[PDB]
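**Q** Begin with these chain(s), straight out of the complex:
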Amino acid sequence: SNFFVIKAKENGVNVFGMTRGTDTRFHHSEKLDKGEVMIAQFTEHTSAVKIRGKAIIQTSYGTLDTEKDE
Amino acid sequence: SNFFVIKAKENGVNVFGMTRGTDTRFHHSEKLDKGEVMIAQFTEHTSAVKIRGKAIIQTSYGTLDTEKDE
Amino acid sequence: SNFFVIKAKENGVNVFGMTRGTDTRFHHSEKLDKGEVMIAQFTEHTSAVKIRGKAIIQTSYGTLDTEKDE
Amino acid sequence: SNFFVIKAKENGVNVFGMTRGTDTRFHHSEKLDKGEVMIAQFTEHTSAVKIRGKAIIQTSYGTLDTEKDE
Amino acid sequence: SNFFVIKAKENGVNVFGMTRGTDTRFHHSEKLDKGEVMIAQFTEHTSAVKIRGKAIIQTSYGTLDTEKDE
Amino acid sequence: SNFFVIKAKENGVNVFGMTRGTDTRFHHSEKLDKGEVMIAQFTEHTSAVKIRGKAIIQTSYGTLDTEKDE
Amino acid sequence: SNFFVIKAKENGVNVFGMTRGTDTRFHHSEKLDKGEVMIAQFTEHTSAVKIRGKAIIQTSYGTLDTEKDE
Amino acid sequence: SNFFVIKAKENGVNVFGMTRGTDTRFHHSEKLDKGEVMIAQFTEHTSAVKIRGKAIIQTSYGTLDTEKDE
């Protein structure tokens, strides 16, 4: 039931899915062009993700901007 | 059980369903003309979606506008 | 247990039910004339819907108006 | 447990029950005269309803008036 | 488990219980004189009700007055 | 687990229990004199009640007064 | 888990337990003198109670005074 | 799992446990001197309690003072 939203602020965003289990590798990379949105769950096969590029990210904890200086 | 809403702001918005499981591919593409709405769940077969085009997207985290510059 | 409400703002509204499973196709189209309302669930057979025409749409995320310039 | 309330604002309201399952047909039509109220659940046999005529409709998401211009 | 309240504002308010299942019929009629109250559940046998007459009706969505013109 | 409270405002109040199942009839009538209170559950045997007389009635939806001009 | 509290405002309060099941009879009467408090549950054997005399009564729905004029 | 708190305002406050089941009797009496506190649950053996004496009583409904005149 846990899910997250990624919106690409610019071209060049990638979302990597990381394998659930003893081993940790990237099993999929989804590219996002500017304006594209991926809505994705954690699943049997995906227990972590890594996001690269200029993006807005939403989870239960709020909205995160990758370009912002905190 | 988790579900999301997509309303097209222009013709040709495209909603791709991504397969649940070890493999990740687009198993379905649903196009939306301006003003059309898709309401869709995550399911046994669909564990992520990719959306392209000028659209309003709603999840339990709130409403996103794909056009908005952050 | 998730349900949605559609009210036709004008004649010509259609609600398509999309099949649950590996196969995705329309299994039903319900036509709504001005003012008519459909209240419908996601179900064993329906895991997504597509709505066409000038309509008010309600989900747990709130009320959408297809005609609104967003 | 999901239920809805319909109050007829005038004579000529009908509430159609739509069959749950692979097939979608109207299995019952209940007529409401002005002032009459139907309170009804979704059930094993009913997974969607269609409402016609001048009516006030209540669900979890609020109260809807079929005659109103949104 | 879902339940509703009906208070008669006049004599001869009538509460019809509608059968759960494939068939839909009135299996019981309970009449209420002015000020009398019925508190009733949905059950194995009752999946909808139809109410006629001047009455106050309460559900988890709030209080409805059958006389009020909207 | 749903329960209701009835307080008699005057002598002459009666609380009828209505049988659960295909058959609907009164299986019990409890008389309340002024000020007396009944607190009762819905149960295996009771799926609806009817209240007659001048009474204060409490459910999870709030407090009703049978004598009130609504 | 459903429970209620009775405090006697004066001598002469009685709390009657009513039998759960097909039959409805008083299986116990507990007398309360002024100031005494009974805290009691609904149970396998008790599905309703009747309270007589001058008392303060508390349930989930609030506090009720038997002597008050509503 | 439901529990209650009793603090004595005077010596000789008395807490009687009432048996769960078909029979209702006091199976235990616990006396409290001024300022002493009992925190007790309802249990397999105890489905009601009777309290006599000047005391503060707390339940999930709030705090009661047995001395207070209403």
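**A** Sure, I can see it. Residues are numbered from 1 along each chain as shown, chains lettered A, B, ... in the order given.
**Q** can you count the residues close to the residue nearest to residue A:47 when sequence neighbours are not counted?
**A** Once flanking residues are discounted, residue A:47 sits nearest to residue A:20: 3.7 Å by Cβ to Cβ, 6 or more residues apart in numbering or on different chains. In short, each C-beta sits where N, CA and C put it, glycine included. Per other Cβ atoms under 10 Å in any protein chain shown, the neighbour tally for residue A:20 reads 15.
**Q** Identify the spatial nearest neighbour of the residue in chain A that chain D sits nearest to, chain neighbours not counted.
**A** Chain D sits closest to residue A:1 of chain A, with a gap of 19.3 Å, by Cβ to the nearest Cβ. Excluding its sequence neighbours, the residue lying closest to residue A:1 (Cβ to Cβ, 6+ apart) is residue B:2, at 5.9 Å.
**Q** which residues touch that neighbour?
**A** By Cβ atoms under 8 Å, 6 or more residues apart in numbering or on different chains, the contact list for residue B:2 reads A:1, A:3, A:41, B:41, B:42, B:60.
**Q** Wait, the last one touches residue C:59, no?
**A** What it means is residue B:60. No. The pair residue B:60 / residue C:59 is not scored as a contact, 10.3 Å apart, by Cβ atoms under 8 Å.
**Q** what pairs with residue A:6 across the strands?
**A** Beta-bridge partners of residue A:6, counted by DSSP bridges, are residue A:38, residue A:57.
**Q** any idea how far it lies from residue B:9?
**A** Plainly put, residue A:6 is 19 Å away from residue B:9 if you go by Cβ to Cβ, to the nearest Å.
**Q** could you also fit chain I onto it:
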Amino acid sequence: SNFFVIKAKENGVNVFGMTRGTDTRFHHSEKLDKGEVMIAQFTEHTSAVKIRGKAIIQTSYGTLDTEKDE
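**A** Chain I now in position relative to the chains above:
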């Protein structure tokens, strides 16, 4: 899963555990000197406690002070 907290305001505080079941007796007494704190659960073996001495007592219903003139 219910727990309680006792802080000794002065030397001489005692917390008695009362046995769960048909038999009710003290199975343990824990002595607390000034400032010492006990945090304890209800359990398979303990269904009530009695607290003696000058103490601050905390439950989900709030904080009590045994020395307070109520």
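**Q** residues contacting the residue of chain A found nearest chain G?
**A** Closest to chain G within chain A is residue A:1: 27.3 Å, counting by Cβ to the nearest Cβ. Contacts of residue A:1 were listed using Cβ under 8 Å, 6+ apart, and they are A:41, B:1, B:2.
**Q** For residue C:13, see how far away the closest residue to chain B within chain A is.
**A** Residue nearest to chain B within chain A (Cβ to the nearest Cβ): residue A:40, separated by 3.6 Å. Going from residue A:40 to residue C:13 by Cβ to Cβ gives 31 Å.
**Q** before we move on, what about residue A:4?
**A** Taken as Cβ to Cβ, the span from residue A:4 to residue C:13 is 33 Å.
**Q** same question, residue A:17
**A** Residue A:17 is 38 Å from residue C:13, by Cβ to Cβ.
**Q** now residue A:54
**A** Residue A:54 is 39 Å from residue C:13, by Cβ to Cβ.
**Q** Those two: which is more packed in?
**A** residue C:13 (23 against 16).
**Q** show me what contacts the more buried one?
**A** Going by Cβ under 8 Å, 6+ apart, residue C:13 touches C:6, C:31, C:32, C:33, C:36, C:51, C:52, C:53, C:54, C:55.
**Q** Nearest to residue B:24 among the residues you listed?
**A** Of all those, residue B:24 sits closest to residue C:51, with 28.1 Å by Cβ to Cβ.
**Q** which residue sits closest to that closest one, ignoring its sequence neighbours?
**A** Once flanking residues are discounted, residue C:51 sits nearest to residue B:37: 4.4 Å by Cβ to Cβ, 6+ apart.
**Q** Chain J should join the structure above:
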Amino acid sequence: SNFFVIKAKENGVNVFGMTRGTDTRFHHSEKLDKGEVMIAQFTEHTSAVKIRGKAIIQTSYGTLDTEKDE
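**A** Let me put chain J in with the others:
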């Protein structure tokens, strides 16, 4: 799932774990020096704790200071 936090305000704090079951004895003492923190659960083996020394204690019910005069 029930847990508590202890922070030592000064050297000389001890946290005693009390055995769950028919018998009640201290099965472990953990010493805390000034500034050290113990976060601990209730468990199969621990159903109560006793805390000695100058400490800040946190539970669901709030923060308690052992040195404070209430």
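**Q** Now do the contacts for residue A:26.
**A** A:16, A:17, A:18, A:19, A:50.
**Q** Is it bridged to anything, and to what?
**A** residue A:18.
**Q** Tell me the residues of chain A that contact chain E?
**A** Within reach of chain E by Cβ under 8 Å from any Cβ of the partner chain, chain A has no residues at all.
**Q** In chain A, which residue sits closest to chain F?
**A** residue A:1 (26.5 Å).
**Q** ok, that residue to residue B:41 distance?
**A** According to Cβ to Cβ, residue A:1 stands 12 Å off from residue B:41.
**Q** cool, residue A:66 as well?
**A** Taking Cβ to Cβ as the measure, residue A:66 falls 28 Å from residue B:41.
**Q** quick one: which of the two has more around it?
**A** With neighbours defined as other Cβ under 10 Å, residue A:66 and residue B:41 compare such that residue B:41 has more, 18 against 15.
**Q** Pull the contacting residues for the more buried one.
**A** B:1, B:2, B:3, C:2, C:42, C:47, C:48.
**Q** Same question for residue A:6.
**A** For residue A:6, the contact set (Cβ under 8 Å, 6+ apart) comprises A:13, A:15, A:32, A:37, A:38, A:40, A:51, A:55, A:56, A:57, A:58.
**Q** Quick one: these as JSON lines, columns for distance to residue C:25 too.
**A** Putting the contacts of residue A:6 into JSON lines (distance: Cβ to Cβ, whole Å) gives the following:
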{"residue": "A:13", "distance to residue C:25": "32"}
{"residue": "A:15", "distance to residue C:25": "28"}
{"residue": "A:32", "distance to residue C:25": "28"}
{"residue": "A:37", "distance to residue C:25": "24"}
{"residue": "A:38", "distance to residue C:25": "24"}
{"residue": "A:40", "distance to residue C:25": "24"}
{"residue": "A:51", "distance to residue C:25": "33"}
{"residue": "A:55", "distance to residue C:25": "33"}
{"residue": "A:56", "distance to residue C:25": "33"}
{"residue": "A:57", "distance to residue C:25": "33"}
{"residue": "A:58", "distance to residue C:25": "31"}
